[PDB]
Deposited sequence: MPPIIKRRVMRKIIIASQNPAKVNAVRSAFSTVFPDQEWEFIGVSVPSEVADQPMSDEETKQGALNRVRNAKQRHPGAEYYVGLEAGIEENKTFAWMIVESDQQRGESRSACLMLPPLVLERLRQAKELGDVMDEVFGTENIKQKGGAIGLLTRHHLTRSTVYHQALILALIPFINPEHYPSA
């Protein structure tokens, strides 16, 4: 039974990957393993480029630390200016998939006291759908937003005939 390495030990992230893979590949089974590896970037990325690079670095570190898995998944949240979002990276041995989730405007008060490297600042939460869930009256949750990005990041693997190398 092939396994999938998640560049994170957060149960929430591992579950989302589980849900995304079970949704897209319901006819297959894998062992999802959440590993802990450095991103080699700020614990709190302050740019789109840095957020994506951090996800990419974790995936490379994951491959090096736990070789042999069929898929490696990186999931990194970050912010740019007044927006927040997360980068999704899925890598097989030969191909790579990626997608950035929809971005959201954070409150100015939360933003100002976040540049100070403070997250938990969201107290004026990681159980009611996160910042997204709170800000959207739960019409969206971090899980349902990440789910879409994860599925999008799998496109290359879903349509091999259209995405070579």
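Gaps without C-alpha coordinates occur at 1-9, 128-129, 136-141, 183, with positions taken along the deposited sequence from 1.
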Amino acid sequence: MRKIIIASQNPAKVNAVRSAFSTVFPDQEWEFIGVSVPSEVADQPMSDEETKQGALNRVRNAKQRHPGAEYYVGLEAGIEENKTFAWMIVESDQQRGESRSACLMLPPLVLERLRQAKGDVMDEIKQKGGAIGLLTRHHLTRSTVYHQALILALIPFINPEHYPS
From here on, numbers count along this sequence of modelled residues.
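The question of which stretch, 144-152 or 5-13, has the higher mean Cα B factor is settled in favour of 5-13.
In this entry, 23-31 has the higher mean Cα B-factor, the comparison being between 23-31 and 42-50. Of the candidates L56, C103, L114, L135, the one whose C-alpha carries the top B factor in the deposited record is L114. When the C-alpha B factors of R96, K63, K126, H139 are read from the deposited coordinates, the top value falls at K126.
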